[PDB]
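A.B. asks: Handing over start-v8.cif, mmCIF, N, CA and C atoms and all ligand atoms.
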```cif
data_upload
loop_
_atom_site.label_atom_id
_atom_site.label_comp_id
_atom_site.auth_asym_id
_atom_site.auth_seq_id
_atom_site.Cartn_x
_atom_site.Cartn_y
_atom_site.Cartn_z
N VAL A 4 -1.36 -14.58 3.41
CA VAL A 4 -2.10 -13.98 2.29
C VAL A 4 -1.47 -12.62 1.85
N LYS A 5 -1.53 -12.34 0.54
CA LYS A 5 -1.15 -11.07 -0.08
C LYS A 5 -2.42 -10.46 -0.68
N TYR A 6 -2.76 -9.23 -0.27
CA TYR A 6 -3.94 -8.54 -0.76
C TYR A 6 -3.59 -7.50 -1.81
N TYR A 7 -4.43 -7.41 -2.84
CA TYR A 7 -4.32 -6.44 -3.92
C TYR A 7 -5.63 -5.71 -4.07
N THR A 8 -5.55 -4.38 -4.12
CA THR A 8 -6.72 -3.52 -4.29
C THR A 8 -7.14 -3.54 -5.75
N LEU A 9 -8.42 -3.23 -6.01
CA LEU A 9 -8.98 -3.13 -7.36
C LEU A 9 -8.23 -2.05 -8.15
N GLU A 10 -7.80 -0.97 -7.47
CA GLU A 10 -7.02 0.17 -7.98
C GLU A 10 -5.70 -0.30 -8.61
N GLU A 11 -5.05 -1.24 -7.92
CA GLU A 11 -3.79 -1.84 -8.32
C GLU A 11 -3.98 -2.86 -9.47
N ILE A 12 -4.96 -3.79 -9.33
CA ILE A 12 -5.27 -4.85 -10.31
C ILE A 12 -5.63 -4.24 -11.67
N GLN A 13 -6.40 -3.13 -11.67
CA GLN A 13 -6.85 -2.40 -12.86
C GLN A 13 -5.71 -1.85 -13.73
N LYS A 14 -4.52 -1.64 -13.16
CA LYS A 14 -3.32 -1.17 -13.87
C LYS A 14 -2.71 -2.30 -14.73
N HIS A 15 -2.99 -3.56 -14.37
CA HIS A 15 -2.46 -4.74 -15.05
C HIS A 15 -3.51 -5.24 -16.07
N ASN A 16 -3.68 -4.45 -17.14
CA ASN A 16 -4.67 -4.65 -18.20
C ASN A 16 -4.05 -4.69 -19.62
N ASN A 17 -2.73 -4.93 -19.72
CA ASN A 17 -2.04 -4.89 -21.01
C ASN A 17 -1.11 -6.10 -21.25
N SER A 18 -0.43 -6.12 -22.40
CA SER A 18 0.47 -7.20 -22.81
C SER A 18 1.70 -7.33 -21.91
N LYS A 19 2.17 -6.22 -21.30
CA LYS A 19 3.34 -6.22 -20.41
C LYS A 19 2.98 -6.88 -19.06
N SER A 20 1.71 -6.74 -18.63
CA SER A 20 1.21 -7.32 -17.38
C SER A 20 -0.31 -7.46 -17.42
N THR A 21 -0.82 -8.71 -17.39
CA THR A 21 -2.26 -9.00 -17.38
C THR A 21 -2.62 -9.77 -16.11
N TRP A 22 -3.49 -9.17 -15.29
CA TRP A 22 -4.02 -9.78 -14.07
C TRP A 22 -5.50 -9.99 -14.21
N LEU A 23 -6.00 -11.01 -13.51
CA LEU A 23 -7.41 -11.34 -13.54
C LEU A 23 -7.88 -11.76 -12.17
N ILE A 24 -9.12 -11.39 -11.83
CA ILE A 24 -9.77 -11.77 -10.57
C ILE A 24 -10.77 -12.85 -10.89
N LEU A 25 -10.65 -13.98 -10.19
CA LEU A 25 -11.57 -15.11 -10.29
C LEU A 25 -11.86 -15.56 -8.89
N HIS A 26 -13.13 -15.34 -8.48
CA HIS A 26 -13.72 -15.73 -7.20
C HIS A 26 -12.85 -15.26 -6.02
N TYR A 27 -12.52 -13.93 -6.00
CA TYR A 27 -11.75 -13.16 -5.01
C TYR A 27 -10.24 -13.42 -5.06
N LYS A 28 -9.78 -14.30 -5.96
CA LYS A 28 -8.36 -14.62 -6.09
C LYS A 28 -7.78 -13.88 -7.29
N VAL A 29 -6.51 -13.46 -7.17
CA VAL A 29 -5.80 -12.68 -8.19
C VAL A 29 -4.76 -13.56 -8.89
N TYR A 30 -4.78 -13.56 -10.23
CA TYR A 30 -3.89 -14.36 -11.07
C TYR A 30 -3.10 -13.51 -12.05
N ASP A 31 -1.79 -13.77 -12.18
CA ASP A 31 -0.93 -13.11 -13.17
C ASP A 31 -0.85 -14.02 -14.41
N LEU A 32 -1.63 -13.70 -15.45
CA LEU A 32 -1.76 -14.53 -16.65
C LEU A 32 -1.00 -13.98 -17.87
N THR A 33 0.02 -13.13 -17.64
CA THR A 33 0.84 -12.51 -18.68
C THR A 33 1.46 -13.58 -19.60
N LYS A 34 2.07 -14.62 -19.02
CA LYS A 34 2.72 -15.71 -19.77
C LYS A 34 1.71 -16.72 -20.34
N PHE A 35 0.45 -16.69 -19.87
CA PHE A 35 -0.59 -17.63 -20.30
C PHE A 35 -1.42 -17.14 -21.50
N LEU A 36 -1.46 -15.82 -21.75
CA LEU A 36 -2.25 -15.19 -22.82
C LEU A 36 -2.20 -15.98 -24.15
N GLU A 37 -0.99 -16.26 -24.67
CA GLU A 37 -0.74 -16.97 -25.92
C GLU A 37 -1.02 -18.49 -25.84
N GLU A 38 -1.05 -19.06 -24.62
CA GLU A 38 -1.26 -20.49 -24.38
C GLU A 38 -2.73 -20.87 -24.14
N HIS A 39 -3.61 -19.88 -23.91
CA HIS A 39 -5.02 -20.10 -23.62
C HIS A 39 -5.78 -20.75 -24.80
N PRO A 40 -6.37 -21.97 -24.59
CA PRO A 40 -7.11 -22.64 -25.68
C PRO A 40 -8.33 -21.86 -26.19
N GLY A 41 -8.88 -20.97 -25.35
CA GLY A 41 -10.02 -20.13 -25.71
C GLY A 41 -9.66 -18.81 -26.36
N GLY A 42 -8.36 -18.61 -26.66
CA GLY A 42 -7.85 -17.41 -27.32
C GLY A 42 -7.42 -16.29 -26.39
N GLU A 43 -6.55 -15.39 -26.90
CA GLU A 43 -6.02 -14.25 -26.15
C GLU A 43 -7.08 -13.17 -25.91
N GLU A 44 -7.97 -12.95 -26.90
CA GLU A 44 -9.02 -11.93 -26.97
C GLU A 44 -9.94 -11.91 -25.74
N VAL A 45 -10.49 -13.07 -25.33
CA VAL A 45 -11.40 -13.21 -24.18
C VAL A 45 -10.69 -12.81 -22.87
N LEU A 46 -9.39 -13.09 -22.76
CA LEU A 46 -8.59 -12.74 -21.58
C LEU A 46 -8.20 -11.26 -21.60
N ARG A 47 -7.90 -10.71 -22.81
CA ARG A 47 -7.50 -9.31 -23.04
C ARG A 47 -8.63 -8.33 -22.71
N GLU A 48 -9.89 -8.74 -23.00
CA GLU A 48 -11.12 -7.98 -22.76
C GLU A 48 -11.40 -7.82 -21.26
N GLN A 49 -11.08 -8.85 -20.47
CA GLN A 49 -11.33 -8.93 -19.03
C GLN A 49 -10.12 -8.48 -18.18
N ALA A 50 -8.92 -8.34 -18.79
CA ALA A 50 -7.65 -7.96 -18.13
C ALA A 50 -7.81 -6.76 -17.18
N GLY A 51 -7.32 -6.92 -15.95
CA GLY A 51 -7.39 -5.90 -14.91
C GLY A 51 -8.71 -5.87 -14.16
N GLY A 52 -9.54 -6.90 -14.34
CA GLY A 52 -10.84 -6.99 -13.70
C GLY A 52 -11.31 -8.38 -13.33
N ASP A 53 -12.55 -8.46 -12.80
CA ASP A 53 -13.19 -9.71 -12.37
C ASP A 53 -13.84 -10.40 -13.55
N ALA A 54 -13.49 -11.68 -13.76
CA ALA A 54 -13.99 -12.49 -14.87
C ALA A 54 -14.61 -13.82 -14.38
N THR A 55 -15.00 -13.89 -13.09
CA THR A 55 -15.58 -15.07 -12.43
C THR A 55 -16.79 -15.63 -13.20
N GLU A 56 -17.76 -14.76 -13.55
CA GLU A 56 -18.97 -15.14 -14.27
C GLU A 56 -18.64 -15.73 -15.64
N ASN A 57 -17.76 -15.06 -16.41
CA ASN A 57 -17.31 -15.46 -17.75
C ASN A 57 -16.60 -16.82 -17.75
N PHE A 58 -15.72 -17.07 -16.75
CA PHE A 58 -14.97 -18.31 -16.61
C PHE A 58 -15.90 -19.49 -16.33
N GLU A 59 -16.85 -19.32 -15.40
CA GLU A 59 -17.79 -20.37 -15.02
C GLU A 59 -18.85 -20.63 -16.11
N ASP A 60 -19.28 -19.57 -16.84
CA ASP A 60 -20.29 -19.60 -17.91
C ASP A 60 -19.91 -20.50 -19.07
N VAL A 61 -18.64 -20.45 -19.52
CA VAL A 61 -18.17 -21.27 -20.65
C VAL A 61 -17.89 -22.70 -20.17
N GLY A 62 -17.65 -22.83 -18.87
CA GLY A 62 -17.28 -24.10 -18.26
C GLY A 62 -15.79 -24.32 -18.41
N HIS A 63 -15.17 -24.85 -17.37
CA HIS A 63 -13.73 -25.15 -17.36
C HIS A 63 -13.49 -26.42 -16.60
N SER A 64 -12.60 -27.26 -17.15
CA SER A 64 -12.21 -28.55 -16.61
C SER A 64 -11.42 -28.39 -15.33
N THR A 65 -11.24 -29.50 -14.57
CA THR A 65 -10.44 -29.54 -13.35
C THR A 65 -8.98 -29.26 -13.75
N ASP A 66 -8.57 -29.72 -14.95
CA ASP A 66 -7.24 -29.50 -15.53
C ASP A 66 -6.98 -28.00 -15.72
N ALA A 67 -7.99 -27.26 -16.21
CA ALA A 67 -7.95 -25.81 -16.40
C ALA A 67 -7.85 -25.10 -15.05
N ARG A 68 -8.53 -25.63 -14.01
CA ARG A 68 -8.53 -25.07 -12.66
C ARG A 68 -7.23 -25.37 -11.92
N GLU A 69 -6.58 -26.52 -12.20
CA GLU A 69 -5.30 -26.90 -11.60
C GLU A 69 -4.18 -26.02 -12.18
N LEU A 70 -4.27 -25.74 -13.49
CA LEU A 70 -3.34 -24.89 -14.23
C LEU A 70 -3.46 -23.44 -13.73
N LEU A 71 -4.70 -23.02 -13.38
CA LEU A 71 -5.05 -21.71 -12.85
C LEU A 71 -4.29 -21.43 -11.54
N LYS A 72 -4.20 -22.45 -10.64
CA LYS A 72 -3.48 -22.39 -9.36
C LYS A 72 -2.00 -21.99 -9.53
N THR A 73 -1.37 -22.35 -10.66
CA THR A 73 0.05 -22.05 -10.92
C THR A 73 0.29 -20.54 -11.21
N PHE A 74 -0.77 -19.76 -11.48
CA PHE A 74 -0.68 -18.33 -11.79
C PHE A 74 -1.15 -17.41 -10.63
N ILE A 75 -1.62 -17.99 -9.50
CA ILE A 75 -2.10 -17.23 -8.34
C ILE A 75 -0.96 -16.40 -7.73
N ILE A 76 -1.26 -15.13 -7.38
CA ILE A 76 -0.30 -14.19 -6.80
C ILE A 76 -0.86 -13.58 -5.49
N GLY A 77 -2.14 -13.79 -5.24
CA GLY A 77 -2.79 -13.29 -4.03
C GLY A 77 -4.30 -13.29 -4.06
N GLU A 78 -4.90 -12.39 -3.28
CA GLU A 78 -6.35 -12.25 -3.17
C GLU A 78 -6.79 -10.81 -3.24
N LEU A 79 -8.04 -10.58 -3.66
CA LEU A 79 -8.62 -9.25 -3.73
C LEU A 79 -8.82 -8.75 -2.31
N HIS A 80 -8.39 -7.50 -2.04
CA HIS A 80 -8.48 -6.86 -0.73
C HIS A 80 -9.93 -6.91 -0.20
N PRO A 81 -10.14 -7.21 1.11
CA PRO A 81 -11.51 -7.36 1.63
C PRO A 81 -12.45 -6.16 1.42
N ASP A 82 -11.90 -4.93 1.33
CA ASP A 82 -12.69 -3.70 1.13
C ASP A 82 -13.20 -3.54 -0.31
N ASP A 83 -12.68 -4.34 -1.25
CA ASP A 83 -13.08 -4.27 -2.66
C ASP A 83 -13.94 -5.48 -3.09
N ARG A 84 -14.09 -6.49 -2.22
CA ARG A 84 -14.85 -7.71 -2.50
C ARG A 84 -16.35 -7.43 -2.60
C1 LIG A 101 -11.80 -14.40 -19.13
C2 LIG A 101 -11.79 -15.61 -18.60
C3 LIG A 101 -11.90 -16.79 -19.47
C4 LIG A 101 -12.81 -17.08 -20.44
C5 LIG A 101 -13.97 -16.25 -20.93
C6 LIG A 101 -12.41 -18.35 -20.96
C7 LIG A 101 -13.04 -18.89 -22.08
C8 LIG A 101 -12.67 -20.09 -22.61
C9 LIG A 101 -13.29 -20.64 -23.74
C10 LIG A 101 -14.36 -20.03 -24.61
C11 LIG A 101 -12.71 -21.84 -23.92
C12 LIG A 101 -13.03 -22.78 -25.07
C13 LIG A 101 -13.61 -24.14 -24.72
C14 LIG A 101 -15.11 -23.97 -24.77
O1 LIG A 101 -15.70 -23.66 -25.80
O2 LIG A 101 -15.78 -24.16 -23.63
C15 LIG A 101 -11.75 -22.01 -22.91
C16 LIG A 101 -10.98 -23.13 -22.79
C17 LIG A 101 -10.05 -23.30 -21.79
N1 LIG A 101 -9.68 -22.35 -20.90
FE1 LIG A 101 -10.44 -20.58 -20.58
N2 LIG A 101 -11.35 -18.90 -20.31
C18 LIG A 101 -10.98 -17.98 -19.42
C19 LIG A 101 -9.89 -18.05 -18.55
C20 LIG A 101 -9.04 -19.11 -18.44
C21 LIG A 101 -7.97 -19.19 -17.52
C22 LIG A 101 -7.60 -18.09 -16.55
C23 LIG A 101 -7.37 -20.44 -17.70
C24 LIG A 101 -6.23 -21.12 -17.00
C25 LIG A 101 -5.16 -20.49 -16.53
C26 LIG A 101 -8.13 -21.07 -18.76
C27 LIG A 101 -7.84 -22.30 -19.29
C28 LIG A 101 -8.60 -22.87 -20.29
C29 LIG A 101 -8.30 -24.25 -20.75
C30 LIG A 101 -7.20 -25.12 -20.21
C31 LIG A 101 -9.21 -24.53 -21.68
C32 LIG A 101 -9.42 -25.83 -22.46
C33 LIG A 101 -10.79 -26.51 -22.12
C34 LIG A 101 -10.87 -26.95 -20.65
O3 LIG A 101 -9.83 -27.62 -20.10
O4 LIG A 101 -11.84 -26.71 -19.97
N3 LIG A 101 -9.14 -20.25 -19.20
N4 LIG A 101 -11.66 -20.91 -22.09
CU CU A 102 -13.84 -20.49 -6.86
#
```
In structure tokens, write the structure found in this file.
C.D. replies:
Amino acid sequence: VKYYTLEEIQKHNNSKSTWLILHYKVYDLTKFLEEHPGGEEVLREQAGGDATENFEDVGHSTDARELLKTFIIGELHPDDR
């Protein structure tokens, strides 16, 4: 496992680097921003933070969750969970 602090994840909130936390897992979605069927805006608003509630609320297919696995870079540090 690779752990990332909330302090570190929060720096990745822009077009050069966008990270997202979903259910304690950290994803680098920089290359996915323009490819997202739900638009760049919803991802840009949540960039550098936890979006678990937002992701589950709209509903996402198993296909969306399998695609999500390809962007995983680590997990949120246990002290920030
Ligand atoms: C901030 C987090 C996210 C929000 C709020 C969000 C929101 C949405 C919305 C509104 C749609 C439109 C379909 C609908 O009306 O239900 C959608 C579709 C989709 N999203 Fe996201 N999404 C998020 C993150 C992601 C991520 C991280 C991925 C994958 C890497 C992803 C992949 C998709 C795909 C593939 C679809 C097409 C419909 C489906 O397969 O379920 N989304 N998203
Ligand atoms: Cu989960």
A.B. asks: Using all atoms listed in the file, find the one residue out of A:22, A:77, A:5, A:84 that sits nearest to residue 50 in chain A.
C.D. replies: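 Smallest distance to residue 50 in chain A is found for A:22.
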A.B. asks: Please, which residues are within 12 Å of (-15.7, -2.9, -4.0) by the file's coordinates, counting only C-alpha atoms, and could they come as a ChimeraX atom specification?
C.D. replies: /A:7-10,27,52-53,79-84
A.B. asks: Any chance you can output those residues with N, CA and C atoms as a compact mmCIF listing (two decimals), keeping the file's coordinate frame?
C.D. replies:
```txt
# COMPACT_ATOMS: atom_id res chain seq x y z
N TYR A 7 -4.43 -7.41 -2.84
CA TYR A 7 -4.32 -6.44 -3.92
C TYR A 7 -5.63 -5.71 -4.07
N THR A 8 -5.55 -4.38 -4.12
CA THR A 8 -6.72 -3.52 -4.29
C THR A 8 -7.14 -3.54 -5.75
N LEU A 9 -8.42 -3.23 -6.01
CA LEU A 9 -8.98 -3.13 -7.36
C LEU A 9 -8.23 -2.05 -8.15
N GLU A 10 -7.80 -0.97 -7.47
CA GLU A 10 -7.02 0.17 -7.98
C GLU A 10 -5.70 -0.30 -8.61
N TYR A 27 -12.52 -13.93 -6.00
CA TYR A 27 -11.75 -13.16 -5.01
C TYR A 27 -10.24 -13.42 -5.06
N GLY A 52 -9.54 -6.90 -14.34
CA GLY A 52 -10.84 -6.99 -13.70
C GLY A 52 -11.31 -8.38 -13.33
N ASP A 53 -12.55 -8.46 -12.80
CA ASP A 53 -13.19 -9.71 -12.37
C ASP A 53 -13.84 -10.40 -13.55
N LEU A 79 -8.04 -10.58 -3.66
CA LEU A 79 -8.62 -9.25 -3.73
C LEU A 79 -8.82 -8.75 -2.31
N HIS A 80 -8.39 -7.50 -2.04
CA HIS A 80 -8.48 -6.86 -0.73
C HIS A 80 -9.93 -6.91 -0.20
N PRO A 81 -10.14 -7.21 1.11
CA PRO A 81 -11.51 -7.36 1.63
C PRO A 81 -12.45 -6.16 1.42
N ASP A 82 -11.90 -4.93 1.33
CA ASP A 82 -12.69 -3.70 1.13
C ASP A 82 -13.20 -3.54 -0.31
N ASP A 83 -12.68 -4.34 -1.25
CA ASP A 83 -13.08 -4.27 -2.66
C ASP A 83 -13.94 -5.48 -3.09
N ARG A 84 -14.09 -6.49 -2.22
CA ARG A 84 -14.85 -7.71 -2.50
C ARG A 84 -16.35 -7.43 -2.60
```
A.B. asks: Of the candidates A:61, A:67, A:54, A:4, which one gets nearest to residue 25 in chain A if we count only C-alpha atoms?
C.D. replies: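 Smallest separation from residue 25 in chain A among the options: A:54.
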A.B. asks: Figure out the distance between CA of residue 74 in chain A and atom N of residue 6 in chain A, please, to one decimal in Å.
C.D. replies: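 Interatomic distance here is 14.8 Å.
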A.B. asks: Mind listing the residues within 7 Å of ligand LIG 101 (chain A), all atoms listed in the file counted, as a list in words?
C.D. replies: residues 32, 35, 39, 40, 41, 42, 45, 46, 47, 48, 49, 50, 54, 55, 57, 58, 59, 61, 62, 63, 64, 65, 66, 67, 68, 70, 71, 72 and 74 of chain A
A.B. asks: Can you spit out the residues from that selection as a PDB file, keeping the file's coordinate frame, using N, CA and C atoms?
C.D. replies:
```
ATOM      1  N   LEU A  32      -1.630 -13.700 -15.450  1.00  0.00           N
ATOM      2  CA  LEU A  32      -1.760 -14.530 -16.650  1.00  0.00           C
ATOM      3  C   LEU A  32      -1.000 -13.980 -17.870  1.00  0.00           C
ATOM      4  N   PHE A  35       0.450 -16.690 -19.870  1.00  0.00           N
ATOM      5  CA  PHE A  35      -0.590 -17.630 -20.300  1.00  0.00           C
ATOM      6  C   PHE A  35      -1.420 -17.140 -21.500  1.00  0.00           C
ATOM      7  N   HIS A  39      -3.610 -19.880 -23.910  1.00  0.00           N
ATOM      8  CA  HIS A  39      -5.020 -20.100 -23.620  1.00  0.00           C
ATOM      9  C   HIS A  39      -5.780 -20.750 -24.800  1.00  0.00           C
ATOM     10  N   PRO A  40      -6.370 -21.970 -24.590  1.00  0.00           N
ATOM     11  CA  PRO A  40      -7.110 -22.640 -25.680  1.00  0.00           C
ATOM     12  C   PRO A  40      -8.330 -21.860 -26.190  1.00  0.00           C
ATOM     13  N   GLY A  41      -8.880 -20.970 -25.350  1.00  0.00           N
ATOM     14  CA  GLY A  41     -10.020 -20.130 -25.710  1.00  0.00           C
ATOM     15  C   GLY A  41      -9.660 -18.810 -26.360  1.00  0.00           C
ATOM     16  N   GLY A  42      -8.360 -18.610 -26.660  1.00  0.00           N
ATOM     17  CA  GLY A  42      -7.850 -17.410 -27.320  1.00  0.00           C
ATOM     18  C   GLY A  42      -7.420 -16.290 -26.390  1.00  0.00           C
ATOM     19  N   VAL A  45     -10.490 -13.070 -25.330  1.00  0.00           N
ATOM     20  CA  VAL A  45     -11.400 -13.210 -24.180  1.00  0.00           C
ATOM     21  C   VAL A  45     -10.690 -12.810 -22.870  1.00  0.00           C
ATOM     22  N   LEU A  46      -9.390 -13.090 -22.760  1.00  0.00           N
ATOM     23  CA  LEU A  46      -8.590 -12.740 -21.580  1.00  0.00           C
ATOM     24  C   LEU A  46      -8.200 -11.260 -21.600  1.00  0.00           C
ATOM     25  N   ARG A  47      -7.900 -10.710 -22.810  1.00  0.00           N
ATOM     26  CA  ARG A  47      -7.500  -9.310 -23.040  1.00  0.00           C
ATOM     27  C   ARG A  47      -8.630  -8.330 -22.710  1.00  0.00           C
ATOM     28  N   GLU A  48      -9.890  -8.740 -23.000  1.00  0.00           N
ATOM     29  CA  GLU A  48     -11.120  -7.980 -22.760  1.00  0.00           C
ATOM     30  C   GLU A  48     -11.400  -7.820 -21.260  1.00  0.00           C
ATOM     31  N   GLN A  49     -11.080  -8.850 -20.470  1.00  0.00           N
ATOM     32  CA  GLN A  49     -11.330  -8.930 -19.030  1.00  0.00           C
ATOM     33  C   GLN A  49     -10.120  -8.480 -18.180  1.00  0.00           C
ATOM     34  N   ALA A  50      -8.920  -8.340 -18.790  1.00  0.00           N
ATOM     35  CA  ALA A  50      -7.650  -7.960 -18.130  1.00  0.00           C
ATOM     36  C   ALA A  50      -7.810  -6.760 -17.180  1.00  0.00           C
ATOM     37  N   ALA A  54     -13.490 -11.680 -13.760  1.00  0.00           N
ATOM     38  CA  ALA A  54     -13.990 -12.490 -14.870  1.00  0.00           C
ATOM     39  C   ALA A  54     -14.610 -13.820 -14.380  1.00  0.00           C
ATOM     40  N   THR A  55     -15.000 -13.890 -13.090  1.00  0.00           N
ATOM     41  CA  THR A  55     -15.580 -15.070 -12.430  1.00  0.00           C
ATOM     42  C   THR A  55     -16.790 -15.630 -13.200  1.00  0.00           C
ATOM     43  N   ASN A  57     -17.760 -15.060 -16.410  1.00  0.00           N
ATOM     44  CA  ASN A  57     -17.310 -15.460 -17.750  1.00  0.00           C
ATOM     45  C   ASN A  57     -16.600 -16.820 -17.750  1.00  0.00           C
ATOM     46  N   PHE A  58     -15.720 -17.070 -16.750  1.00  0.00           N
ATOM     47  CA  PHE A  58     -14.970 -18.310 -16.610  1.00  0.00           C
ATOM     48  C   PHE A  58     -15.900 -19.490 -16.330  1.00  0.00           C
ATOM     49  N   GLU A  59     -16.850 -19.320 -15.400  1.00  0.00           N
ATOM     50  CA  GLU A  59     -17.790 -20.370 -15.020  1.00  0.00           C
ATOM     51  C   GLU A  59     -18.850 -20.630 -16.110  1.00  0.00           C
ATOM     52  N   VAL A  61     -18.640 -20.450 -19.520  1.00  0.00           N
ATOM     53  CA  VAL A  61     -18.170 -21.270 -20.650  1.00  0.00           C
ATOM     54  C   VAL A  61     -17.890 -22.700 -20.170  1.00  0.00           C
ATOM     55  N   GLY A  62     -17.650 -22.830 -18.870  1.00  0.00           N
ATOM     56  CA  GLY A  62     -17.280 -24.100 -18.260  1.00  0.00           C
ATOM     57  C   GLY A  62     -15.790 -24.320 -18.410  1.00  0.00           C
ATOM     58  N   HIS A  63     -15.170 -24.850 -17.370  1.00  0.00           N
ATOM     59  CA  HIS A  63     -13.730 -25.150 -17.360  1.00  0.00           C
ATOM     60  C   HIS A  63     -13.490 -26.420 -16.600  1.00  0.00           C
ATOM     61  N   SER A  64     -12.600 -27.260 -17.150  1.00  0.00           N
ATOM     62  CA  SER A  64     -12.210 -28.550 -16.610  1.00  0.00           C
ATOM     63  C   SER A  64     -11.420 -28.390 -15.330  1.00  0.00           C
ATOM     64  N   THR A  65     -11.240 -29.500 -14.570  1.00  0.00           N
ATOM     65  CA  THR A  65     -10.440 -29.540 -13.350  1.00  0.00           C
ATOM     66  C   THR A  65      -8.980 -29.260 -13.750  1.00  0.00           C
ATOM     67  N   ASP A  66      -8.570 -29.720 -14.950  1.00  0.00           N
ATOM     68  CA  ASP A  66      -7.240 -29.500 -15.530  1.00  0.00           C
ATOM     69  C   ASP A  66      -6.980 -28.000 -15.720  1.00  0.00           C
ATOM     70  N   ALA A  67      -7.990 -27.260 -16.210  1.00  0.00           N
ATOM     71  CA  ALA A  67      -7.950 -25.810 -16.400  1.00  0.00           C
ATOM     72  C   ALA A  67      -7.850 -25.100 -15.050  1.00  0.00           C
ATOM     73  N   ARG A  68      -8.530 -25.630 -14.010  1.00  0.00           N
ATOM     74  CA  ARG A  68      -8.530 -25.070 -12.660  1.00  0.00           C
ATOM     75  C   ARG A  68      -7.230 -25.370 -11.920  1.00  0.00           C
ATOM     76  N   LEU A  70      -4.270 -25.740 -13.490  1.00  0.00           N
ATOM     77  CA  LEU A  70      -3.340 -24.890 -14.230  1.00  0.00           C
ATOM     78  C   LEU A  70      -3.460 -23.440 -13.730  1.00  0.00           C
ATOM     79  N   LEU A  71      -4.700 -23.020 -13.380  1.00  0.00           N
ATOM     80  CA  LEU A  71      -5.050 -21.710 -12.850  1.00  0.00           C
ATOM     81  C   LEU A  71      -4.290 -21.430 -11.540  1.00  0.00           C
ATOM     82  N   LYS A  72      -4.200 -22.450 -10.640  1.00  0.00           N
ATOM     83  CA  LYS A  72      -3.480 -22.390  -9.360  1.00  0.00           C
ATOM     84  C   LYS A  72      -2.000 -21.990  -9.530  1.00  0.00           C
ATOM     85  N   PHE A  74      -0.770 -19.760 -11.480  1.00  0.00           N
ATOM     86  CA  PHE A  74      -0.680 -18.330 -11.790  1.00  0.00           C
ATOM     87  C   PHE A  74      -1.150 -17.410 -10.630  1.00  0.00           C
TER      88      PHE A  74
END
```
A.B. asks: For the strand (DSSP E) assignment from backbone DSSP, which residues of chain A qualify? Please present them as a VMD selection string.
C.D. replies: chain A and resid 6 to 7 22 to 25 28 to 31 52 to 53 75 to 79
A.B. asks: What is the distance between CA of residue 51 in chain A and atom CU of ligand CU 102 (chain A), in Å to one decimal?
C.D. replies: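 Going from CA of residue 51 in chain A over to atom CU of ligand CU 102 (chain A), I get 17.9 Å.
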A.B. asks: Step by step: start from the point (-4.3, -10.2, -12.8) in the file's coordinates, keep every protein, DNA or RNA residue that has an atom no farther than 8 Å from it, count all atoms listed in the file, and write the set as a PyMOL selection string.
C.D. replies: chain A and resi 12-13+15-16+20-25+28-33+50-52+76
A.B. asks: Dump N, CA and C atoms for the selected residues as a compact mmCIF listing (two decimals), in the coordinates of the input?
C.D. replies:
```txt
# COMPACT_ATOMS: atom_id res chain seq x y z
N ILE A 12 -4.96 -3.79 -9.33
CA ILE A 12 -5.27 -4.85 -10.31
C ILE A 12 -5.63 -4.24 -11.67
N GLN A 13 -6.40 -3.13 -11.67
CA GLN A 13 -6.85 -2.40 -12.86
C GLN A 13 -5.71 -1.85 -13.73
N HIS A 15 -2.99 -3.56 -14.37
CA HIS A 15 -2.46 -4.74 -15.05
C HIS A 15 -3.51 -5.24 -16.07
N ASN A 16 -3.68 -4.45 -17.14
CA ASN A 16 -4.67 -4.65 -18.20
C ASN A 16 -4.05 -4.69 -19.62
N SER A 20 1.71 -6.74 -18.63
CA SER A 20 1.21 -7.32 -17.38
C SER A 20 -0.31 -7.46 -17.42
N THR A 21 -0.82 -8.71 -17.39
CA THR A 21 -2.26 -9.00 -17.38
C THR A 21 -2.62 -9.77 -16.11
N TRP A 22 -3.49 -9.17 -15.29
CA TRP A 22 -4.02 -9.78 -14.07
C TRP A 22 -5.50 -9.99 -14.21
N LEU A 23 -6.00 -11.01 -13.51
CA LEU A 23 -7.41 -11.34 -13.54
C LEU A 23 -7.88 -11.76 -12.17
N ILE A 24 -9.12 -11.39 -11.83
CA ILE A 24 -9.77 -11.77 -10.57
C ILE A 24 -10.77 -12.85 -10.89
N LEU A 25 -10.65 -13.98 -10.19
CA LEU A 25 -11.57 -15.11 -10.29
C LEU A 25 -11.86 -15.56 -8.89
N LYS A 28 -9.78 -14.30 -5.96
CA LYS A 28 -8.36 -14.62 -6.09
C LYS A 28 -7.78 -13.88 -7.29
N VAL A 29 -6.51 -13.46 -7.17
CA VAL A 29 -5.80 -12.68 -8.19
C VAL A 29 -4.76 -13.56 -8.89
N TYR A 30 -4.78 -13.56 -10.23
CA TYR A 30 -3.89 -14.36 -11.07
C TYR A 30 -3.10 -13.51 -12.05
N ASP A 31 -1.79 -13.77 -12.18
CA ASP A 31 -0.93 -13.11 -13.17
C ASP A 31 -0.85 -14.02 -14.41
N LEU A 32 -1.63 -13.70 -15.45
CA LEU A 32 -1.76 -14.53 -16.65
C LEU A 32 -1.00 -13.98 -17.87
N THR A 33 0.02 -13.13 -17.64
CA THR A 33 0.84 -12.51 -18.68
C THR A 33 1.46 -13.58 -19.60
N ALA A 50 -8.92 -8.34 -18.79
CA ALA A 50 -7.65 -7.96 -18.13
C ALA A 50 -7.81 -6.76 -17.18
N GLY A 51 -7.32 -6.92 -15.95
CA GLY A 51 -7.39 -5.90 -14.91
C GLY A 51 -8.71 -5.87 -14.16
N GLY A 52 -9.54 -6.90 -14.34
CA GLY A 52 -10.84 -6.99 -13.70
C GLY A 52 -11.31 -8.38 -13.33
N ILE A 76 -1.26 -15.13 -7.38
CA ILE A 76 -0.30 -14.19 -6.80
C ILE A 76 -0.86 -13.58 -5.49
```
A.B. asks: Provide the CA of residue 34 in chain A to CA of residue 18 in chain A distance in Å, to one decimal place.
C.D. replies: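 Distance between the two atoms: 9.3 Å.
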A.B. asks: Go through A:26, A:14, A:43, A:19 one by one, measure the shortest atom-to-atom distance of each to ligand CU 102 (chain A) using all atoms listed in the file, and give the residue with the smallest value.
C.D. replies: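 Smallest separation from ligand CU 102 (chain A) among the options: A:26.
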